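The next block holds one structure in the form of structure tokens; read it before the comments.
Because the Cβ atoms are built from the backbone with ideal geometry, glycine has one as well, and the counts that use them run over all protein chains shown. Values in this text are rule-based calculations from the coordinates and carry no lab data.
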Amino acid sequence: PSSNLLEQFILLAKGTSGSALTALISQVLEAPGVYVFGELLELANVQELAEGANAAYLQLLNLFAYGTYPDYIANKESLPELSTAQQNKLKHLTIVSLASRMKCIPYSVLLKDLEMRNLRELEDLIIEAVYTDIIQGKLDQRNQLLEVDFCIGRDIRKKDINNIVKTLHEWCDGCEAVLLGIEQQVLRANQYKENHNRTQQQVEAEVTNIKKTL
Amino acid sequence: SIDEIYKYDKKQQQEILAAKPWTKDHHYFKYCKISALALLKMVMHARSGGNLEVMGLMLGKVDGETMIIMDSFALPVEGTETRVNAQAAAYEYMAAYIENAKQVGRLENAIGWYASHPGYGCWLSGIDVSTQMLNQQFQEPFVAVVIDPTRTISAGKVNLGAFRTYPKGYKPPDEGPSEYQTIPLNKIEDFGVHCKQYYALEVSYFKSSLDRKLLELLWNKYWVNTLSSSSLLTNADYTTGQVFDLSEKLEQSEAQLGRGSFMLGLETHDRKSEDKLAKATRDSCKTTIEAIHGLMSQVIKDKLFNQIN
Amino acid sequence: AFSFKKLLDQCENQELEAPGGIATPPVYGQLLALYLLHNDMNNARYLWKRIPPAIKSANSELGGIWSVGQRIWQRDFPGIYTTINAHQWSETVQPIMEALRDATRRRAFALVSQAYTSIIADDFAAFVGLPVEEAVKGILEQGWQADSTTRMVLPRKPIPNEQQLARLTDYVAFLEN
Ligand SMILES: [Zn+2]
């Protein structure tokens, strides 16, 4: 029901705004379920908050859209104080960014990036993220590694579109190269078959010539 | 010409049936060519039978030492063969279907029978041998084809065999590779009793328009999951048994050669020894090339997927 | 190394095309020195036996190089370094003798690292032809372990897609016919 709640707040943001909108955004950051905040940022009333006097909540929402937990720690003076749900949601989002790059996350990296001291609560944060359909994977406690098979994505500052295009172009070029290699292998196999047929026809011609000789 | 085999020459078939060259040699028929349509229909019937044996008739023709198959059709089996044999109202539907095919075109007559062995391999039981011996006494050009739906899933490749019986009293020659097959304990006794009363034909296809269309379509349609791991040969069973059979055959050839080295002037021994060595070599080569193809597909696909960019 | 191999090939060719059948003493000296560099003891020994004694008597430096080669055959590294640094090598022999000394250092350094989990500092010092103390700092900067109490040294032991496709195609072509 997060998407339905997200759409209702989008409809409400088209009307009422101001301090109510900032409190509404804070409720979004506290209500579990919402893992995508790009749709909220596209609203014109968010841009109204840009020129408005209040900016702590907008910088808070902006960080949840693109930034991670370590950025929020540095901005403890400029961002509104978060709740337990808000901190957990940001930590889950930070894990999403970490799991997006590397599919195997050692426990050392987990304890470092999320200000994680106790490993027991680290497991609780990890299992909570998995159980809410955020990340999919398996945990390796002997090697202290977090193997993530599948994870959700994140929003883009319109600057990663170029990276997406470059990656798609590289994939297309690789596919074309493999297709050309397969065609070359097929041609080589056809040439080998032709050589074998030429050897067979030479043998049969030699046999027929000797038969005619005798 | 890919479609040349589909041409039916009635007079030529009558000429072959009048000539009866199979009476001159009990090993006359060596090859069995099966049409894609026939194969598909038979396999589908076998798997619909599930764990129960089903059977049907095969329509086709003969060409030299080769028996050809095109069609196949179920016979009313009320109450799962509550009467003797899986026939009941047999030629009722059969003869109707036959006149109906002479009407809509299909002129290929009965060339054999197929039977299914769900989960116990392709071979002829005592009952199968009696049935095929009868078929080799009335419709002399007949072939007992056995399918295996459960092994079709287990090994991945369809388990299929084509067989012909020897007449009562007649002994096979020494030549005989005899590929090893896993036979369950409730069937192994009967298998062993009758295994030398028949021989296996070489089963081969010839591509075709039926193949081209069918293959392409279903292939693309379901192989989007092109992975299917990549090696269904990973199961030791098949490969291991094949290699064991090869070893046994080659060791038998060696024992023969060692005893034949004392006899000076036995050309037949040299002939059969060379033939057995050659058969062993080709079987090994086919297994090797299959494994190489599997590895090629695996390598290409894995390299493409993992580190393309 | 590559230039030394090219020089060795040229020297070997010059020996084969010798007009009078005998090469100049500089060529023989370079040939013997280059064989010692590559640790080709068999070729060096056979070349020394091939050289007539007249050149050996007329060129005491040639005998000195052979004595160095004999030390290399016996693999007495303290003797090898002492003999290398004892005889003055000419301008055509000094640079290659220095390369031979460097080659001996690398060979001994790797030999100890492989077969010696623990080695006495004096033994390692003798093997590398350096006194003990700066040899320790030479291997500490090499990321090795040294025990000062027992004077023991603990060294730390350290196809493209196209080719694969070609090899698989060769598989298929061979097994097809
Ligand atoms: Zn049966």
Residue pairs qualifying under the 8 Å Cβ cut-off, at least six apart or on distinct chains, with the first in segment C:61-89 being among the charged types (D, E, K, R) and the second being in a helix (DSSP H, G or I) and surrounded by 14 or more Cβ atoms within 10 Å (Cβ to Cβ), are C:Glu61/C:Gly29; C:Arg71/C:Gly79; C:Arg71/C:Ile80; C:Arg71/C:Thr83
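Return the total of residues in segment B:267-309 being over 29 Å from B:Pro173 (Cβ atoms) and in a helix (DSSP H, G or I).
Looking only at that region, the number is 18.
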Discussion item. When you scan segment B:113-127, do you find a residue that is within 29 Å of B:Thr182 (Cα to Cα) and in a helix (DSSP H, G or I), even just one?
Written reply: yes
If we keep only residues of segment B:108-142 that are touching a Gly at 6+ places or on another chain (Cβ under 6 Å) and within 14 Å of the ligand (Cβ to nearest atom), then the residue nearest to the other protein chains (Cβ to nearest Cβ) is B:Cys122
If we take segment B:1-83, then strands (runs of 3 or more DSSP E) inside it with 1 or more residues that are among the aromatic types (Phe, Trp, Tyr) are B:31-34, B:66-73
*asked:* away from every other protein chain (no Cβ under 14 Å), within 16 Å of the ligand (Cβ to nearest atom) and touching a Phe, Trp or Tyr at 6+ places or on another chain (Cβ under 6 Å): is that true of B:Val77 in this structure?
replied: no
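Considering only residues that are of a type in the set (D, E, K, R), surrounded by 15 or more Cβ atoms within 10 Å (Cβ to Cβ) and away from every other protein chain (no Cβ under 14 Å), which ones fall in segment B:253-309?
Answer for segment B:253-309, where residues must be of a type in the set (D, E, K, R), surrounded by 15 or more Cβ atoms within 10 Å (Cβ to Cβ) and away from every other protein chain (no Cβ under 14 Å): B:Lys272, B:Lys276, B:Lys279.
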Of the conditions (1) crowded, with 22+ Cβ neighbours inside 10 Å; (2) within 15 Å of B:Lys41 (Cβ to Cβ); (3) away from the ligand (no atom under 11 Å from the Cβ), the single one that B:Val145 does not satisfy is (3)
Residues of segment B:70-94 being among the small types (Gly, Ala, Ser) and exposed (fewer than 12 other Cβ atoms within 10 Å of the Cβ), in sequence order, are B:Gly79
Selection from segment B:148-161 of residues more than 16 Å from the ligand (Cβ to nearest atom), more than 23 Å from B:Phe29 (Cα to Cα) and within 14 Å of the chain's Cα centre (by Cα) yields B:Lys157
Restrict the check to segment C:94-107 and report whether at least one residue is in contact with a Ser or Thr (Cβ under 8 Å, 6 or more places away or on another chain) and over 24 Å from C:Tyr28 (Cβ atoms). no
Task: Residue match in segment B:218-226 (condition: within 14 Å of another protein chain (Cβ to nearest Cβ), of a type outside the set (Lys, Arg) and over 23 Å from the mean Cα position of the chain (by Cα)) - done: yes
Checked C:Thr82, C:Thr149 against criteria (hydroxyl-bearing (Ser, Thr, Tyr), part of a helix (DSSP H, G or I) and surrounded by fewer than 15 Cβ atoms within 10 Å (Cβ to Cβ)); the one match is C:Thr82
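Could you pull out the residue among C:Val153, C:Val128, C:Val112 that is more than 14 Å from chain A (Cβ to nearest Cβ) and out of contact with any strand residue (DSSP E or B) (no Cβ under 9 Å at 6 or more places or on another chain)?
C:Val128
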Taking segment B:80-107 and keeping only residues that are within 16 Å of the ligand (Cβ to nearest atom) and either within 14 Å of chain C (Cβ to nearest Cβ) or on the phi > 0 side of the Ramachandran plot (or both), one is left with B:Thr80, B:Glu81, B:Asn85
B:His194 fails exactly one of (1) surrounded by 17 or more Cβ atoms within 10 Å (Cβ to Cβ); (2) more than 13 Å from the ligand (Cβ to nearest atom), namely (2)
C:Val136: passes all of (1) assigned to a helix (DSSP H, G or I); (2) under 21 Å from the mean Cα position of the chain (by Cα) but (2)
Checked segment A:159-214 for anything loosely packed, with under 11 Cβ neighbours inside 10 Å, among the polar types (S, T, N, Q) and either facing another protein chain (nearest Cβ under 10 Å) or more than 20 Å from C:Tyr171 (Cβ to Cβ) (or both); matches are A:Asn162, A:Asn163, A:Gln201, A:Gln202, A:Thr208, A:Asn209, A:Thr213
Picking from A:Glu147, A:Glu128, the residue that is more than 14 Å from every other protein chain (Cβ to nearest Cβ), touching a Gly at 6+ places or on another chain (Cβ under 7 Å) and either surrounded by fewer than 17 Cβ atoms within 10 Å (Cβ to Cβ) or closer than 30 Å to A:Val28 by Cβ (or both) would be A:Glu147
Buried (at least 21 other Cβ atoms within 10 Å of the Cβ), more than 10 Å from the ligand (Cβ to nearest atom), closer than 17 Å to B:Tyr28 by Cβ and of a type in the set (D, E, K, R), is that true of B:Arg164? yes
